[PDB]
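Asks: My questions all concern the structure below.
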Protein chains: 6
Amino acid sequence: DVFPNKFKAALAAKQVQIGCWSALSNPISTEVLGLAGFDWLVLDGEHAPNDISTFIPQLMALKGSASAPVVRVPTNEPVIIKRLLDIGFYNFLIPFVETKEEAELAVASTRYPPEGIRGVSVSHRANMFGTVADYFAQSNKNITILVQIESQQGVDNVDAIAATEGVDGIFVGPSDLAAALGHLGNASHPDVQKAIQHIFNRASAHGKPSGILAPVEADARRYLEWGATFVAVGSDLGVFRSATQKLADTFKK
Amino acid sequence: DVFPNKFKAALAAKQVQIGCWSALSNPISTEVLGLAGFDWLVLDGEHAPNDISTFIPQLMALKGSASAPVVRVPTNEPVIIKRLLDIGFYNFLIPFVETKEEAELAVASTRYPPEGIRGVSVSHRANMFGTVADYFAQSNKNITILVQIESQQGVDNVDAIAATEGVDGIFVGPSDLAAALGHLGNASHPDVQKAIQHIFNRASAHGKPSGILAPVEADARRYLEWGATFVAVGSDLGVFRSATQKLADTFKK
Amino acid sequence: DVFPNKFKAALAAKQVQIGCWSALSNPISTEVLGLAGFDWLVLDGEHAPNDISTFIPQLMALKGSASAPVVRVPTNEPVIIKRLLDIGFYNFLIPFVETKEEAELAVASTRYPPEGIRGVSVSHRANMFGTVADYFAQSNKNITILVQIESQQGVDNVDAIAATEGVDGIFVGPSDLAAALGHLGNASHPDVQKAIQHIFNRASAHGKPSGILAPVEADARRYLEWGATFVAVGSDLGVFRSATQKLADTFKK
Amino acid sequence: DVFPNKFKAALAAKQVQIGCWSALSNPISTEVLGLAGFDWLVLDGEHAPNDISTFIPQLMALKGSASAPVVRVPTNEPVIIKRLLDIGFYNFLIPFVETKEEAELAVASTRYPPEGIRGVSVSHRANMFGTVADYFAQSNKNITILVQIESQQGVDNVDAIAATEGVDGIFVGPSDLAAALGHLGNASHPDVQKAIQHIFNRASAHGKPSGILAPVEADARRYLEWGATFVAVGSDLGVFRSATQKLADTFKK
Amino acid sequence: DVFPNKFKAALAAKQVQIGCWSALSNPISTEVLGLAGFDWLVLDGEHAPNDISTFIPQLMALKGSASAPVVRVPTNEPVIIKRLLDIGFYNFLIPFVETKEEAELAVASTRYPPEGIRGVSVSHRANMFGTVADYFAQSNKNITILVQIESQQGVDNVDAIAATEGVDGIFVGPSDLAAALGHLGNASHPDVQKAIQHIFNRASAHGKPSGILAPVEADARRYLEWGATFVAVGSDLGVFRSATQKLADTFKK
Amino acid sequence: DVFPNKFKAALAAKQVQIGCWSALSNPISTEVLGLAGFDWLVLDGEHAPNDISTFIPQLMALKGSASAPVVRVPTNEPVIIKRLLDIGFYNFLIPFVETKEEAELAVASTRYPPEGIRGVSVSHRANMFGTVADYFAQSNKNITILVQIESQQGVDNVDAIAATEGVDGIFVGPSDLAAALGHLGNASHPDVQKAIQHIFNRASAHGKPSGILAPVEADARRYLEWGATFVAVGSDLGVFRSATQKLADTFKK
Ligand SMILES: [Mg+2]
Ligand SMILES: [Mg+2]
Ligand SMILES: [Mg+2]
Ligand SMILES: [Mg+2]
Ligand SMILES: [Mg+2]
Ligand SMILES: [Mg+2]
């Protein structure tokens, strides 16, 4: 049931995918998170204490969950992507995608030659140790590549990036984008808001779905109205912090 | 700093202490939990996958937190209590205390001879490796013992148990008490509610504060009105499960 | 999905169940082991370095596997069984069951009151954090109890043990039985073989299936012919040791 | 290589064995500790955060070290001893041995039937997965049992305990003995010193070597003069705490 | 109490800071190390088995310690620095800083745009999950950057490096410097000694404090006399090795 | 006994070395794997979930094994090699070695200046914390460098690569080579077979031994006949998968 990648297809079909970020970096809470019904969960390897050692336990925790696991790599480089592919990730979120070349490299990092440069191994979690049918051929067509536009250069080259073959979705990272535009900590600033819609619009111009992280409901709904389809509406860490604080406050004397 | 035990003092003063249960068994989420402001947190070793290997990481995660760490032991026996004391626990929740003798044994398990049977070690987290002043003497007077009345025999012997020297609080375990009274999964049944009130009354009669676990706000508020002072109003697990499901439902209905 | 317990049903139907022991105590190899197709896998907590900290990772590794996970507890006592139940084990192998009383205690340790003495918790892996329907009621009828007859007293009391309500299967532990009969390391001795057949006969007399661990194919096949139905035919450790040595020998003689 | 047990032989010969306690509970520092040249190292499972999960890593860290690994069990009970034996421990320190019966039980817990009650497993670290020659037979004669006399009853019954077959050494636990004699934290009190000498004398009377833990050089040297042969002269924790504080003080006064 | 960074200020004030290296890579011994009173502790990620998985446990172990935690990164590259910042490190030691450009990149790696290129996340250990006041603004002014001059190129460009804005301290790595000058294993060679004082002197010429690692007391004091202020006087590993060996030797027969 | 490197010498002597790949990434099974008698074991860090955290436990597990540990790095870059050297690896397998420059960099990454660029540390597992005699000098001559030729560029430059000083062996990675030649998943294709023998032949032309991974016996023997000497004949993962599946199939009804 590994292939076809249902998430990748849903995205292409322009269907709304509701997601949740994951930074708690442990299999116990992540197993619980997998019961919520989110369409996709982002195991953050860039801003959370996640790595191969924590990723496998969480992927195992998510076995049976309807949620599509997505790894947000620490950076766009071929080696860590090679390693994350074999441990079982079929969907990737690439931070700071600033040029056409970088978008091409990200895609190539997930495809075996001649299409890409992915290193070959005959047995691992990805092909469930040789039990995944026609693995080598099917893998090349079933990896989701979501590139993050969150820098001025990325915005400048958004068209070339979105036009890149293999780039399945254009994702806006609000915090870094805001910082890039001189508005650190203030993504709601008008100029950042304009940049966001511009990114969504250019994604659409190239037939690629757009996405974003929006933990504030009002923002998430506005982005959805603007045409975004794969929207992360919060994070396990954020809801845990908020919910635990609220419970304590409710009884505060 | 370690001593005097403020939590123990707060209980003796019959001051309200709002707590939260912990079963996520990992230092990452627990550090966040420590920011909530709960007066006490129960690291569950009876019904959650916690053990000494997970307890120390979480105790370290809670260093600096205003929340008093309390360990709920897997069972009332000397050995594990001996080990939990040395790793840094100064507050204990003892499950299934059904007789005066069992109450006395729990207390004795936390005190050095001649008062108790606690094994002696000269350096460990508890005396912060020899840096806690007058440790041996002060330790015996600074351990909190909270006994759980959650069985028919426990209810029958509640007076002798509450009258036991060293028993700092009388805690009601709703689920086991309900089951013991023939109402598994129905702690709201009048038979159970009546026993709870009775337990609270007898704790008061012997000058000991009473407590209970009540994840439903209405229940927690009723128990507080009845006079319980150390009330756990939820769990990190319950809060996490509910909050994540809620976020998903908000967008997926 | 969790209930009804198919393994328990298969045993009641006297259907053959081929199992494999597990002592490698890690999620990496165990996930691979789950692909083999064994009807049941025994995560050994008595003679292998397994504990709750290693059990959950392996249970997660086995999610989706057709193999029924069975835990062989370190000893027949209430507390550890209580803890193993909540982390997600629905099938148990109990070592050294020597009397009717011990058999009854093992069964009781897995059932909530009034039928048993199992401690109650409202959320854990066992009820998949509150998502298992009618959990409390169904759990009591869906736990498999396999008792090990591996001592002289166990043999003497095999009838009373097999007649005990809740005892789902009569399992022979070859090594301990051989030692108990004065033939340490020689389970093939006629004295031992005779006791095994006798045990199988008495299990059948009380309508309970019998089982045994037999890493030698000829032995396993003989025991199956004698009528044993849940037979462990090897271990991940034994298989690994043998296969790796064999590969090396093929080239180094 | 595994057998014969050289440490056990050294004790029988009444040869001095200098040991060091270990509580740092991790393989990194323990590997370094194994380079020190101590005759024996005690991996403390009673007063340090050690358990099977930390024991195997440290045993592996000590492979090749001339130091004999000794585990100090959390308590004198059959089950944990059974488990510690299989993971690779051949030398045991038993806390609170107070009667002849308890001494006999500790010994029996390490020997296979008919001599003892040790559970049988055909492959584990102890027999290095089936590579230790004549394992079953040799194991029964190669386990070291060191009993701790550290309670008033233990002192009263020291003769019967020392006379017990299988008891290889009589070890004095200073801290618990002092506490038992009403001198908590004052093992130097004459009452305690007198009991120690008496214990040493009775061990000698029954042809068994005596030992003790003495982190203060003057104390260790006095005990050696009195006739103790297996003396732990410190702990990795005590040495580390002292040495690091000393280095800091050298520059900060 | 996260900001202001007291260590960073102390350094700027030219106050002597006594430090200790840490390579034991575990929270147990590191918690003990934090009680010694060192002004700073270097959790080595370049030559010790430390990484994100070991760093968080040790940072938690150091909560409450007066010692300022400093991470010595594996190499000077933006990605690992990004990750180490979010896990809670506010002080960095950068190995092999050989050019002005590299010094600039190291500084920029720790500052949010427009000042630097640090990736943005709204919740993590660094801002204690949103509880650190005015975090985004304050963080950019509270990160300590200590660059290592330990290569011939670094020596050649020491002036440009020390003149770089954001470079708070010039640290000499003796072992690599010695090797670079053709004196591997002999930092005491006259030419290496001259290079060291030259580095200290150029640091001073640009108003930046100088530092070095000197486990031999005589060397540490000489360097202090030469004007160095942040001097690491040993390591947890070195003192442990020395102290354990000395204890054993003291009793060697 | 660390130096001289016996494996490195055996290779130079053109002696056949039978190896086995390791991807199970845990110390339990790897300790067992070390008993098989393979001449070398490759702890895979490129296609298996291995890293520093898993490498040290496995190296400790292999202490006492006659098998030479070899790490296959995730990629050819100086930083991870620096780190792997200090943790105790003396033999390296470098993936995708495509040019003379890259071969030179790999060699240099393992040698201290002036020969190479290896970073210097005075105490770590590699010099067993200062106990390895004449370490600094001997290390530079005792590291085995095995470069992988598994790309078209590597084949084109095989002569320059094999001629590089310090390159001890030319290893063919079949899967990547096949993919590079347009035959993904089909290394048996005639053109790949020709490329393999060509690589072996060019290795010989420069006096360097050749090696390859060949899990199919017929292939391994053919390669040996072609002149290859360090041949990996399988993997722990592959044999485990095959052997466990076979055992289950043997009894399948
Ligand atoms: Mg971003
Ligand atoms: Mg309860
Ligand atoms: Mg048995
Ligand atoms: Mg003691
Ligand atoms: Mg250096
Ligand atoms: Mg390859």
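Chain labels run A, B, ... following the order of the structure tokens; each chain numbers its residues from 1, and ligands are numbered from 1 in the order shown.
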Need the shell around region 152-155 of chain E: protein/DNA/RNA residues with any atom at most 9 Å away, counting only C-alpha atoms. Skip same-chain ones fewer than 3 positions apart. Format as an MDAnalysis selection string?
Replies: chainID E and resid 96:99 148:149 158:159 161 177 180:181 195 198:199
Asks: Return as a list in words the residues of protein, DNA or RNA that approach ligand 5 to within 9 Å, with only C-alpha atoms and all ligand atoms taken into account.
Replies: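 Going residue by residue within 9 Å of ligand 5, we get residues 46, 47, 95, 96, 148, 149, 150, 151, 172, 173, 174, 175, 176 and 177 of chain E; 119, 120 and 121 of chain F.
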Asks: Within 7 Å of chain F, which residues of chain A show up? Give each one with its shortest atom-to-atom distance in Å (one decimal) and the two atoms involved, counting only C-alpha atoms, rows by chain then rising residue number, as a tab-separated table.
Replies:
residue	atom	partner	partner_atom	distance
A:52	CA	F:49	CA	6.6
A:79	CA	F:75	CA	6.8
A:83	CA	F:47	CA	6.2
A:86	CA	F:47	CA	6.6
A:87	CA	F:49	CA	6.9
A:113	CA	F:179	CA	5.7
A:114	CA	F:182	CA	6.6
A:119	CA	F:176	CA	6.4
A:120	CA	F:176	CA	5.4
A:121	CA	F:47	CA	6.3
Asks: Name all residues at most 8 Å from residue 91 (chain A) (count only C-alpha atoms; drop same-chain ones fewer than 5 positions away) and give them as a PyMOL selection string.
Replies: chain A and resi 8+68-71+143-146
Asks: Could you write out the selected residues, including N, CA, C and O atoms, as a PDB file, in the first residue's frame?
Replies:
ATOM      1  N   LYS A   8       0.446  12.682  -2.610  1.00  0.00           N
ATOM      2  CA  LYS A   8       0.964  13.330  -3.809  1.00  0.00           C
ATOM      3  C   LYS A   8      -0.150  13.541  -4.832  1.00  0.00           C
ATOM      4  O   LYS A   8      -0.233  14.592  -5.465  1.00  0.00           O
ATOM      5  N   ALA A  68      -0.554  11.611   6.240  1.00  0.00           N
ATOM      6  CA  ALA A  68       0.627  11.420   5.408  1.00  0.00           C
ATOM      7  C   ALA A  68       1.821  12.076   6.101  1.00  0.00           C
ATOM      8  O   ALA A  68       1.791  13.273   6.394  1.00  0.00           O
ATOM      9  N   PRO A  69       2.875  11.296   6.394  1.00  0.00           N
ATOM     10  CA  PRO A  69       4.051  11.875   7.053  1.00  0.00           C
ATOM     11  C   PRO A  69       4.868  12.704   6.064  1.00  0.00           C
ATOM     12  O   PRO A  69       5.102  12.283   4.933  1.00  0.00           O
ATOM     13  N   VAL A  70       5.299  13.880   6.495  1.00  0.00           N
ATOM     14  CA  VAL A  70       6.102  14.746   5.644  1.00  0.00           C
ATOM     15  C   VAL A  70       7.281  15.229   6.469  1.00  0.00           C
ATOM     16  O   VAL A  70       7.105  15.720   7.580  1.00  0.00           O
ATOM     17  N   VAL A  71       8.488  15.075   5.942  1.00  0.00           N
ATOM     18  CA  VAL A  71       9.653  15.532   6.678  1.00  0.00           C
ATOM     19  C   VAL A  71      10.110  16.884   6.148  1.00  0.00           C
ATOM     20  O   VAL A  71      10.169  17.095   4.941  1.00  0.00           O
ATOM     21  N   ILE A 143       7.312  10.438  -5.046  1.00  0.00           N
ATOM     22  CA  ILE A 143       7.886  11.250  -3.980  1.00  0.00           C
ATOM     23  C   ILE A 143       7.335  12.663  -4.127  1.00  0.00           C
ATOM     24  O   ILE A 143       7.386  13.246  -5.210  1.00  0.00           O
ATOM     25  N   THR A 144       6.793  13.205  -3.042  1.00  0.00           N
ATOM     26  CA  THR A 144       6.244  14.554  -3.073  1.00  0.00           C
ATOM     27  C   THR A 144       7.309  15.567  -2.689  1.00  0.00           C
ATOM     28  O   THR A 144       7.940  15.446  -1.641  1.00  0.00           O
ATOM     29  N   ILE A 145       7.509  16.559  -3.551  1.00  0.00           N
ATOM     30  CA  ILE A 145       8.480  17.612  -3.295  1.00  0.00           C
ATOM     31  C   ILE A 145       7.743  18.929  -3.085  1.00  0.00           C
ATOM     32  O   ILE A 145       7.097  19.443  -4.004  1.00  0.00           O
ATOM     33  N   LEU A 146       7.829  19.454  -1.865  1.00  0.00           N
ATOM     34  CA  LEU A 146       7.203  20.723  -1.514  1.00  0.00           C
ATOM     35  C   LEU A 146       8.340  21.694  -1.215  1.00  0.00           C
ATOM     36  O   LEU A 146       9.086  21.510  -0.252  1.00  0.00           O
TER      37      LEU A 146
END
Asks: Which polymer residues have any atom within 8 Å of an atom of residue 118 (chain F), counting only C-alpha atoms, with same-chain residues fewer than 6 positions away left out, as an mmCIF file with N, CA, C and O atoms, in the first residue's frame?
Replies:
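Contents of result_21.cif, as written:
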data_model
loop_
_atom_site.group_PDB
_atom_site.id
_atom_site.type_symbol
_atom_site.label_atom_id
_atom_site.label_comp_id
_atom_site.auth_asym_id
_atom_site.auth_seq_id
_atom_site.Cartn_x
_atom_site.Cartn_y
_atom_site.Cartn_z
ATOM 1 N N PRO F 78 35.060 16.014 4.831
ATOM 2 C CA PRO F 78 36.020 15.986 5.945
ATOM 3 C C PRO F 78 35.439 15.946 7.363
ATOM 4 O O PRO F 78 36.047 15.287 8.262
ATOM 5 N N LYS F 82 36.156 13.227 10.235
ATOM 6 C CA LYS F 82 36.887 13.673 11.418
ATOM 7 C C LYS F 82 36.242 13.047 12.654
ATOM 8 O O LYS F 82 36.915 12.440 13.490
ATOM 9 N N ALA F 108 43.270 12.491 2.870
ATOM 10 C CA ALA F 108 43.696 13.602 3.716
ATOM 11 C C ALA F 108 42.795 13.787 4.934
ATOM 12 O O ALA F 108 43.252 14.201 5.998
ATOM 13 N N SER F 109 41.513 13.481 4.772
ATOM 14 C CA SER F 109 40.560 13.623 5.864
ATOM 15 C C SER F 109 40.895 12.711 7.043
ATOM 16 O O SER F 109 40.427 12.938 8.157
ATOM 17 N N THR F 110 41.720 11.696 6.801
ATOM 18 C CA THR F 110 42.080 10.751 7.855
ATOM 19 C C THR F 110 43.503 10.896 8.387
ATOM 20 O O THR F 110 43.921 10.138 9.262
ATOM 21 N N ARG F 111 44.245 11.870 7.871
ATOM 22 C CA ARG F 111 45.621 12.058 8.312
ATOM 23 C C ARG F 111 45.872 13.434 8.907
ATOM 24 O O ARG F 111 45.421 14.446 8.374
ATOM 25 N N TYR F 112 46.593 13.462 10.025
ATOM 26 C CA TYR F 112 46.916 14.717 10.691
ATOM 27 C C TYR F 112 47.895 15.513 9.836
ATOM 28 O O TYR F 112 48.611 14.947 9.006
#
Asks: May I ask which of the residues F:93, F:31, F:203, F:231 is the closest one to residue 64 (chain F), counting only C-alpha atoms?
Replies: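 When distances to residue 64 (chain F) are compared using only C-alpha atoms, the smallest one comes from F:31.
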Asks: Run DSSP on the backbone and give me the residues of region 75-228 of chain B it puts in strand (DSSP E), as number ranges by chain.
Replies: B: 91-94, 144-149, 169-172, 210-213
Asks: Please provide as a list in words all residues within 10 Å of residue 233 (chain A), with the sequence filter that same-chain residues fewer than 3 positions apart are discarded (counting only C-alpha atoms).
Replies: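 Here the qualifying residues turn out to be residues 18, 19, 20, 21, 38, 212, 213, 214, 215, 216, 217, 219, 220, 221 and 230 of chain A; 247, 248, 250 and 251 of chain B.
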Asks: Can you tell me which residues surround residue 127 (chain A) at a distance of at most 10 Å, considering only C-alpha atoms, apart from same-chain residues fewer than 5 positions away, and format the answer as an MDAnalysis selection string?
Replies: chainID A and resid 2:3 85:88 121:122 132:136 139
